[PDB]
Amino acid sequence: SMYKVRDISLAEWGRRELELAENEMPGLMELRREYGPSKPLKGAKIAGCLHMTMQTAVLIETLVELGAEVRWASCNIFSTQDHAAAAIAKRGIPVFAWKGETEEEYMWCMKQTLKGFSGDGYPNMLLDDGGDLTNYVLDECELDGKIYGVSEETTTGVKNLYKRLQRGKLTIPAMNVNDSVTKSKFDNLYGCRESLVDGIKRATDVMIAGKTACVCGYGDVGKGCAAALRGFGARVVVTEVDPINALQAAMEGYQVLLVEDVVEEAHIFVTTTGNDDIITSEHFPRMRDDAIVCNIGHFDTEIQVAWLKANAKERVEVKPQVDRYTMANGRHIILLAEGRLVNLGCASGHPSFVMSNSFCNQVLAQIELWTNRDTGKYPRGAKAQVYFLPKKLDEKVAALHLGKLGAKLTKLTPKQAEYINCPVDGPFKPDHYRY
Amino acid sequence: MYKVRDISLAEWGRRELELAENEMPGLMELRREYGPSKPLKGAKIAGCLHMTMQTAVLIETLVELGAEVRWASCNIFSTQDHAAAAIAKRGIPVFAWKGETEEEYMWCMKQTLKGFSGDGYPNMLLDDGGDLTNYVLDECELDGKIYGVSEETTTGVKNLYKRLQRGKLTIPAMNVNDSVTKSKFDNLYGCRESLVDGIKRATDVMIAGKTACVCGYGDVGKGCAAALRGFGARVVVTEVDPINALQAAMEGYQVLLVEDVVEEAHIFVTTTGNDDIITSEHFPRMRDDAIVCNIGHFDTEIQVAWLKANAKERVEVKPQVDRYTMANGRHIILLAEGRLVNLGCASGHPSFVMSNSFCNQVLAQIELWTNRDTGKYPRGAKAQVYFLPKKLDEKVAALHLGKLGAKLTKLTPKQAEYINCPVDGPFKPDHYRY
Amino acid sequence: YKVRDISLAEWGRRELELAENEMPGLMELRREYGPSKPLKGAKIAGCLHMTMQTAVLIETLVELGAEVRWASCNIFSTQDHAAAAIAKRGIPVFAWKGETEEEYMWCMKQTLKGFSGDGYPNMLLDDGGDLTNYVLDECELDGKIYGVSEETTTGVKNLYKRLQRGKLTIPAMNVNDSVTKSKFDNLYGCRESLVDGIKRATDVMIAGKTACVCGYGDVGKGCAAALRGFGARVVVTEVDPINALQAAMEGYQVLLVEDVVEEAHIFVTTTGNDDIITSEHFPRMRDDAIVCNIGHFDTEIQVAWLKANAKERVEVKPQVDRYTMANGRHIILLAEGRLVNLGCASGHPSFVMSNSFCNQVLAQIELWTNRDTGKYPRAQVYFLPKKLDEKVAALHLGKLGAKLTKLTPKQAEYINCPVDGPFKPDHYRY
Amino acid sequence: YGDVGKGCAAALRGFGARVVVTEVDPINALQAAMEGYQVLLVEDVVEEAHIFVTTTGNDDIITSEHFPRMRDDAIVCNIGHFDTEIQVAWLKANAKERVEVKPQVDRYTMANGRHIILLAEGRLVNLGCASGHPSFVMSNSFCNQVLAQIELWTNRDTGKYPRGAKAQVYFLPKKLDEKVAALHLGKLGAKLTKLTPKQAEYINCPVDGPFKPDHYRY
Ligand SMILES: NC(=O)c1ccc[n+]([C@@H]2O[C@H](COP(=O)([O-])OP(=O)(O)OC[C@H]3O[C@@H](n4cnc5c(N)ncnc54)[C@H](O)[C@@H]3O)[C@@H](O)[C@H]2O)c1
Ligand SMILES: NC(=O)c1ccc[n+]([C@@H]2O[C@H](COP(=O)([O-])OP(=O)(O)OC[C@H]3O[C@@H](n4cnc5c(N)ncnc54)[C@H](O)[C@@H]3O)[C@@H](O)[C@H]2O)c1
Ligand SMILES: NC(=O)c1ccc[n+]([C@@H]2O[C@H](COP(=O)([O-])OP(=O)(O)OC[C@H]3O[C@@H](n4cnc5c(N)ncnc54)[C@H](O)[C@@H]3O)[C@@H](O)[C@H]2O)c1
Ligand SMILES: NC(=O)c1ccc[n+]([C@@H]2O[C@H](COP(=O)([O-])OP(=O)(O)OC[C@H]3O[C@@H](n4cnc5c(N)ncnc54)[C@H](O)[C@@H]3O)[C@@H](O)[C@H]2O)c1
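Residues numbered from 1 in each chain as written, not as in the entry; some residues may be left out. Chains lettered and ligands numbered in written order. Part of a larger assembly, values for the part shown. Heavy atoms only, no water. Residues with missing side-chain atoms left out of burial classes, pairs and counts.

### Topic: the sheet that holds strand β4 (residues 74-78) of chain D
Residue and element names in this part refer to chain D. Read across the sheet, five strands follow the order β3-β4-β7-β6-β5 without closing on themselves; strand pairing throughout is mixed. Whereas interior strands pair on both sides, the edge strands pair on one side only; in this sheet they are β3 (51-54) and β5 (97-102). For this sheet, the mean inter-axis angle between neighbouring strands, taken without regard to orientation, is 20°. Both β5 and strand β6 (residues 105-109) contribute to a ladder of five bridges, which runs antiparallel. Along β6, the bridge assignment pairs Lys102 with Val105. (Pairing = 2+ DSSP bridges. Helix = DSSP H or I, 4+ residues; strand = E, 2+ residues; numbered from the N terminus. Axes fitted to C-alpha atoms, helices over the stretch in contact; angles between N-to-C directions.)

Structure below.
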């Protein structure tokens, strides 16, 4: 079993869309030109677990152009774009992904990426979005000194890396790609500002203008989500546990309250926290009729979906990933993607341009970890650690995306560079800079 | 013992000081929390920071905490004379007036370095821009007499890192600008309100419909662009950092070079903390009655000397608003002689956001002073720059939520373990950018 | 394995019982580190004179958990009962007294295969640099070596030449330049083992003779001292004015080989350099002049020329060749120019070799334990930390009954070190 | 048993003294043992030793614990830079009689009735009771001093030897160290061998030096 996708006949359609996506990903395409001839990932055997979308297809073929062997699976049961998976599969890249996996199928798909490489069959690098692959490899398979690095995409996965580290259970160097400035401050923020509403609208065609929306969390994701809804004329309320994030939201003109303060009136609920049990059994029974409930954090357990399913009197699939529940009170709740990431589960995830930032960081992480396997710069012992990309490379990634937009950079004079204490070519900011 | 423009302005200052205190919940809460235990007893603070109504609340907070204090402004045009008068009337030594000469500015500063109790020297510095710090460390001897400095602004903190790296930092420095509750609030939201306030009090120009060039897209330029854009200006941004550049572009601003818009822009605002942004290359190309202003810490972002030397006419329209006639016949309106326009032409940032900044200053001074005999903040060659702990940054934010009616959700123990923090915080890892 | 005679295992086991009692330091590392096994995982390729002293080193490494494969780093330095004992114990050894140049080469290549896994070594332990040269220039081990520890001045000289040339890929710990090696082994070791080699070889009287010692480094200092201790009049040659002033200040004439070549009864070369005793010297020497080398390689003496141009050569006994020159006079060459202490005797005594080999154990531990700490990137040359230098010395005081004064806190503060040291600054020369 | 102790021990032994040595450093102590000296604690020999020589550069080496145990007419002296290696203040305060035998020789009578001879009141005995080091060895020392002054003074507006915060301690370059030795070989008739180009290459140095790497201990 070398690939498993919904329908291989979708491959041509995928390949048409891949042309458009490549044009929208100038940074990834430029890394292909800059690094392809020198093949920095020759010998790398990368098992990837990341939403199998058109964007991830451009990433995958970039890794392969740089020399890597790659086997791939999605990190969510509803995020695969079947035509993208098909396009990769038809090219001969092993991909085990389809939209609408069972949890059992999900695990089978992941397992498929950890065997079947050349010469011994074992991966030697992981590329992970959410930590599921990392955990399975480190806890359940064996690969115990065979892995030279992991690059982690998302906030929840990065939190899990730091928990693993602190528990003394990180045995491979980890590159924290989420917290590249060109990742967290663009993907998490601007990607969600576009993709949340796309998810909601494709699922429900609900009017946002005039509605009351409750956005749980005001990190980078909730900042973008709040911005998106407000832009269409929703009245957005925000919940938070961090007083700094809470004060930001208030200074931007959002009411900051508890879920319970708005639960009876809000038309739309969006969870963005990366935490569990945000929308619970205490809330669902108080919601107004046809309240839309969705999640954009990494895991569905932000919402008590199992509770809803067990306690609803009726459930109607309106269309795939749109379920309308009738509660005992007679009113309805619309749950999107069974509480899975709504932008990917109900729409297409973030657009290609912002994913080019994220994936340039992933490519640069993989190069950094692989090309340094034998230098001890990123140890695999019990001393294994989490690392960030150097600021110089973060700046490179941003600069790769300015041209498409027509944005022109001023050049510091030597006198100016001296005065602000940086090189003429950067980095331009101290390491603690928050942008 | 003090020197201010007019002591009869004291009563007016004290009226407005009531309003300001009420807008500064966090500072007033620090007064209540720390006042009885007098954590700054024995502290002798020389302050160099814009002598505004907001700074008056800071100063009296430091005094309520047990500090002796002597104060000067860190800009020749930023003093609010009724604020200075209210402080001076209470017997706090202040040497500050709006419209100082550079010579007077230096005399004011020097007055803060003498005249304390018993021996008469300061033992702590509180600076905004680094001018006091440089003067003390390079030009005085107060050598070994100073236990700390807390620094307010990006330009001053940059200079601290330069000194540190030159091996010329000999006192512990608290980087207050780079507290999250400072840089992401004062620099951003304070400028978002006070930039346009400055421009409007100076000129009454309509913002709507104009083309504005915002030079720099840091915390200050983000706020400034946001402000102009909210009133209907078409904002263009310049930057040297590709990350900042991409943020501006993703927010819907054109990112270009000064040269690309110099002929058409109605308003230029420099926000860089760098020099020679608006130059001799530019002024001769500007449209008639282009407004030129700076909100960065020092006026040398704009070549004002060149402007003055090369203009054919200069008319003071009203104080801090000068209209220059160039050889080409057209006019440039320069605000505050290129000094910080929010403070020079208006009142600076509003009290509420300054309460964040100045809570950080008070907690920084407490931290340095109470720890003087502990070795935690070494003086001498091993002197470093420090940030306030995240727990304190979060405390500052929390102090300001109630005024606004913002309510915080409380994590359950389960949730707290899951996100790898304590129920009471800190809630974010040290590298978090907010 | 490959040794001369495995039935000499019994005799070697008996001497190793005496060697063990003379090496308190190595036996004390065996007790301290054996329980925790800090070289577990370690796959040591070894290239160091296969003596009784190295046998106690090899068994320490294996007690510490390491797998080990060994070859001697000189053709005539092996002690055949030493190799026979290690070979019986199950340790793979390829070493006999009197290897040809072909055979010497084969033995080294044996140590780079036959580990577990596709078991290529992950560590090197070197004396002279030859193994380091072979692995780096000619083997494939490119991704596989975490370090090399280098025992001698000549081998270390190469490591610095490589680092300089941008060709050092594996981290190197300079063991020779530990104080407890260079100022002990090189010095006191040679002070006893040089005359041992000469006398076992020739039975010649030292007292009354004129001896030319060429070079006055740590080895030259020791040899001159030894010869002088027996009533030789020693003259010294040097290219370094500092070393020359030291020899002059100790009572020795410093001159050129040519100034004494016609009258010297004994020539010793200690330089680590080539062509010290050459075709221009040999025909000038007095009858039965004894010529030998105690430097790493034999090419301090032009032995090929000697062999090419002698009228007669006679083997008095193994490693003692008596040449008759064109002039009718004779030259007695020892060990064919090979290290004379190891070639004609047993090398340095155990007690001093315990200082050196402790350094080698703590160097291997340091390199290998930090093999996933990123402290020695796979590339620089390093020193053992002075703390461990002092430890080595401290381990050897007890056997001699030496007692160490303990610093008070006042005293340690006053001389600017911890009560338990390091006691000297990093540049101290002892 | 540093450089001073090494010399002092070699001198005493050279005249037929049995020399015992004290040390706090295991390396220096082992050097002393391997040169044939007993290494023991001052307490181990305080009652039997005829001569006590202080060479540590450390204070409180010979103390109130030692003085009252010393044999009759035990000679006590110091050659390290400061006299406080010996508790002379104590000796003076607790002795029952002091006689100047001659300048820089004080004979003290202890409460036990036995005598202590102290040299130069504990000051550097070589300079205090004699003329210090001979000229020839001081020529080495003082050549480095002249070279040092030239290095620092001539390069004063250079930044090679930074002022203030970043001031640091330096050694003379090894080339100059060699120069000084070379200047003293002639008087002694010491002849130096000249490396050939191949020899210098093989050893990895210049023909004219420096000949050793900077870590070399000679
Ligand atoms: N769907 C996507 O395309 C996508 C993209 C980026 C990130 N993510 C995921 O989205 C989530 C959010 O990421 P982020 O970068 O914004 O994280 P973040 O840490 O910046 O922000 C989350 C916020 O939630 C707050 N919070 C935690 N528990 C809360 C609770 N009980 N109630 C209210 N607020 C609470 C925190 O204080 C924080 O400010 C993560 O799970 C991340 O992996 C998803
Ligand atoms: N007026 C006020 O009330 C007030 C308030 C806060 C800060 N400040 C001051 O304002 C200034 C800016 O502070 P900040 O926090 O935004 O700093 P910042 O470092 O965050 O941003 C300044 C930006 O200018 C950019 N830049 C530098 N040189 C440039 C040039 N030649 N052309 C275009 N862009 C350039 C940098 O890349 C950077 O992003 C500083 O001088 C600071 O001390 C003033
Ligand atoms: N046989 C043994 O058991 C044993 C033990 C230790 C070291 N060694 C070896 O002995 C040799 C010397 O070691 P070391 O520690 O004394 O080295 P070292 O560098 O301290 O001493 C060598 C000396 O020879 C001098 N020299 C170089 N070329 C010369 C020339 N052509 N004429 C006169 N003098 C010259 C140098 O100035 C130097 O002082 C090295 O090859 C080392 O590997 C052998
Ligand atoms: N008198 C002279 O003409 C002259 C000449 C040279 C040096 N000196 C002085 O001699 C002193 C020593 O110089 P050096 O070059 O030998 O120093 P050094 O560091 O080489 O030797 C001092 C030794 O004393 C040891 N030591 C420290 N405390 C000890 C203790 N309480 N008991 C026993 N040993 C102890 C140290 O471990 C060290 O090895 C210094 O004060 C120096 O200034 C004087």
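More follows now that the structure is in view.
### Quick notes on the pairing of strand β4 (residues 124-127) of chain B
Residues and elements named next belong to chain B. Burial along β4 is two-sided: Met124 and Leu126 facing one way and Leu125 and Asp127 facing the other are all buried. Judged from the four bridges that link them, strand β1 (residues 44-48) and β4 form a sheet pairing that is parallel. Note that in β4 the partner of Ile45 across the bridge is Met124. Pairing of β4 with strand β5 (residues 149-151) involves three bridges; the strand directions are parallel. Directly across from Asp127, in β5, lies its bridge partner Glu151. (Buried < 20%, exposed > 50% of the residue type's maximum accessible area, 1.4 Å probe, protein only.)

### A closer look at the sheet that holds strand β12 (residues 313-318) of chain B
Residue and element names in this part refer to chain B. The strand order β9-β8-β7-β10-β11-β14-β13-β12 describes an open sheet built from eight strands, whose pairing is mixed. Pairing within the sheet leaves two strands with one partner each, and these edge strands are β9 (254-255) and β12. Where strand β7 (residues 211-215) lies against strand β10 (residues 267-270), four bridges are found, and the strand directions are parallel. When the sheet's bridge partners are listed, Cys213 is paired in β10 with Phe268. Helix-sheet contacts for helix α9 (residues 219-230) involve β7, β8 (234-238) and β10, and the interaxial angle to β7 is about 170°. (Contact = heavy atoms within 4.5 Å.)

### Focus on the interface of chain D and chain C
Across the boundary between the two partners, chain D contributes 56 residues, which contact 68 residues of chain C. Two residues, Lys212(D) and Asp240(C), come together in a salt bridge whose shortest N-O distance is 2.6 Å. Connecting chain D to chain C are 27 residue pairs in polar contact. Taken together, the residues that form the side of chain D that touches chain C break down as 26 nonpolar, 13 polar and 17 charged. (Salt bridge = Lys/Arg side-chain N within 4 Å of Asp/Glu carboxyl O. Polar contact = N/O pair within 3.5 Å; in protein donor to acceptor, adjacent residues only side chain to side chain. Nonpolar A, V, L, I, M, F, W, Y, C, P; charged D, E, K, R; others polar.)

### Quick notes on helix α1 (residues 3-14) of chain D
Residue and element names in this part refer to chain D. An ideal rise of 1.5 Å per residue puts 16 Å on 12 residues; α1 measures up with 16 Å between its terminal C-alpha atoms. The complete set of buried residues in α1 reads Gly5, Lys6, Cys8 and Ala9. Each element contacted by the buried residues of α1 is listed here: β1 (20-21), α2 (26-34) and β3. Immediately beyond the C-terminal end of α1, within one or two residues, lies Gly16, with a positive phi of roughly 100°. (Expected span 1.5 Å × (residues − 1).)

### Examining the site of ligand 2
Close to ligand 2 lie 30 residues, the nearest being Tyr433(A), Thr153(B), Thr155(B), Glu239(B) and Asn342(B). Looking at the residues close to ligand 2, they fall on chains A and B. The contact in question runs from an oxygen atom of ligand 2 to an N or O atom on the side chain of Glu239(B), over 2.7 Å. Interatomic distance of 2.6 Å between a side-chain N/O atom of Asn342(B) and an oxygen atom of ligand 2. Contact with the protein chains covers 94% of the free accessible surface of ligand 2, which is 860 Å². If you list the elements that add at least two residues to the shell around ligand 2, you get α7 (154-166), α8 (180-203) and α9 of chain B. A breakdown of the residues in the shell around ligand 2 according to their chemical character gives eight nonpolar, 17 polar and five charged. Counting contributing residues, the shell around ligand 2 receives three or more from each of domain 1 (1-188 + 349-406) and domain 2 (189-348) of chain B. (Near = heavy atom within 4 Å. Areas by Shrake-Rupley, 256 points an atom, 1.4 Å probe, with all protein chains shown as cover. Domains from an automatic or database assignment.)

### Some details on the environment of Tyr377(B)
Residue and element names in this part refer to chain B. Take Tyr377: it is sitting in the loop between α14 (351-370) and β15 (385-386). Distance from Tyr377 to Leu256, taken between C-alpha atoms, is 44 Å for residues 121 residues apart in sequence. Not counting chain neighbours up to four residues away, the residues in contact with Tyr377 comprise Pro172, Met174, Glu367, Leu368, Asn371 and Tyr386.

### Quick notes on the pattern of salt bridges
Applying the stated criterion to the full structure yields 82 salt bridges over all chains. Where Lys90(A) meets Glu12(A), a salt bridge forms, and the shortest distance between an N and an O atom there is 3.0 Å. Of this pair, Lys90(A) sits in helix α4 (residues 82-90) while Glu12(A) sits in helix α1 (residues 11-23), placing them 78 residues apart in sequence. Residue classification places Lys90(A) among the exposed residues on the basis of a relative accessible area of 52%. In this structure, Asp322(B) engages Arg314(B) in a salt bridge whose closest nitrogen and oxygen atoms are separated by 2.9 Å. The class of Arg314(B) is partly exposed, set by a relative accessible area of 47%. A cluster of three or more residues bridged by salt bridges with shared partners is formed by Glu103(A), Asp300(A), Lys309(A), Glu338(A) and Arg340(A).

### Observations regarding the packing of aromatic side chains
Evaluated as defined, the whole model comprises 25 aromatic pairs over all chains. The interplanar angle of 85° and the centroid separation of 5.9 Å between the aromatic rings of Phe95(B) and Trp107(B) together place this pair among those described as edge-to-face. Linking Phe95(B) in strand β3 (residues 94-95) with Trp107(B) in helix α5 (residues 102-111), this pair joins segments that are 12 residues apart in sequence. Of the residues examined, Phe95(B) reaches a relative accessible area of 2% and is grouped as buried. Here the basic side chain of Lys201(A) rests over the ring of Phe232(A), its NZ or CZ set 6.0 Å away from the ring centre. Against the face of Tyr253(B) rests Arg229(B), its NZ or CZ located 4.6 Å from the ring centre. (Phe/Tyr/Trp six-rings, centres within 6.5 Å; stacked < 30°, edge-to-face > 60°. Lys NZ or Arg CZ within 6 Å of the ring centre and 35° of its normal.)

### Remarks on the UniProt feature "binding site: adenosine" (unreviewed entry) in chain C
All names here are of chain C. Mapped onto this structure's residue numbering, the UniProt feature "binding site: adenosine" (unreviewed entry) falls at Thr51, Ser346 and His348. Looking at the secondary structure, you find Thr51 in the loop between β2 (43-47) and α3 (52-63). Residue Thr51 is classed as buried on the basis of its relative accessible area, which comes to 4%. Among residues more than four places away in sequence, those in contact with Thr51 are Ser77, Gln79, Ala82 and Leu342. Note that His348 resides in the loop between α14 (340-344) and α15 (350-369). Those residues in contact with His348 that sit more than four places away from it in its chain are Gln53, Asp185, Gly189, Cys190, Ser193, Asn341 and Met353. Among the polar contacts made by the side chain of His348, one reaches the main-chain carbonyl oxygen of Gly189 at a distance of 3.2 Å. (UniProt positions renumbered as here; feature names shortened; annotations may be inferred.)

### Observations regarding the domain arrangement of chain C
One frequently used descriptor of interface size is the decrease in accessible area upon assembly of the parts. Residues and elements named next belong to chain C. Domain assignment breaks chain C into domain 1 (1-187 + 348-402) and domain 2 (188-347). If you average the C-alpha positions of domain 1 and of domain 2, the two centres end up 28 Å apart. The interface is formed by 26 residues belonging to domain 1 together with 23 residues belonging to domain 2. Summed over both partners, the interface of domain 1 with domain 2 buries about 1900 Å², with 57% contributed by carbon and sulfur atoms. Its largest share of buried area at the contact with domain 2, domain 1 owes to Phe76, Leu187 and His348, together 35% of the area lost on that side. Applying the counting criterion to the domain 1 and domain 2 interface returns one salt bridge. The partner of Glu101 in a salt bridge is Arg338, with the nearest N and O atoms 3.0 Å apart. A total of three residues in the side of domain 1 that touches domain 2 trace back to one element, the largest contributor, which is helix α9 (residues 185-202). In terms of residue class, the side of domain 1 that touches domain 2 is built from seven nonpolar, 12 polar and seven charged. (Buried area = accessible area lost by both parts, 1.4 Å probe.)

### Some remarks on the site of ligand 4
By nearness alone, 25 residues border ligand 4, and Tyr428(C), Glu23(D), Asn58(D), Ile79(D) and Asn126(D) come closest of all. The environment around ligand 4 is built from residues contributed by chains C and D. Within the side chain of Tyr428(C), a nitrogen or oxygen atom sits 2.3 Å from an oxygen atom of ligand 4. Burial of ligand 4 by the protein amounts to 78% of the accessible area it has alone, namely 870 Å². For the shell around ligand 4, the elements supplying multiple residues, two or more each, are α1 and α5 (125-128) of chain D. Looking at the shell around ligand 4, its residues break down into nine nonpolar, 12 polar and four charged.

### Comments concerning the nonpolar core
Soluble, globular proteins show a tendency: their nonpolar side chains are buried together. Residues and elements named next belong to chain C. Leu26, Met50, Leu61 and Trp70 are the most contacted members of the largest nonpolar core, which totals 69 residues. Looking at this core, the element that brings in the most residues is α15, giving 10 residues. Setting aside anything within four residues of it in sequence, one finds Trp70 in contact with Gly46, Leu48, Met50, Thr54, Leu57, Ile58, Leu61, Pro92, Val93, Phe94, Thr111 and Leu125. (Core = buried A, V, L, I, M, F, W, Y, C linked by side-chain atoms within 4.5 Å.)

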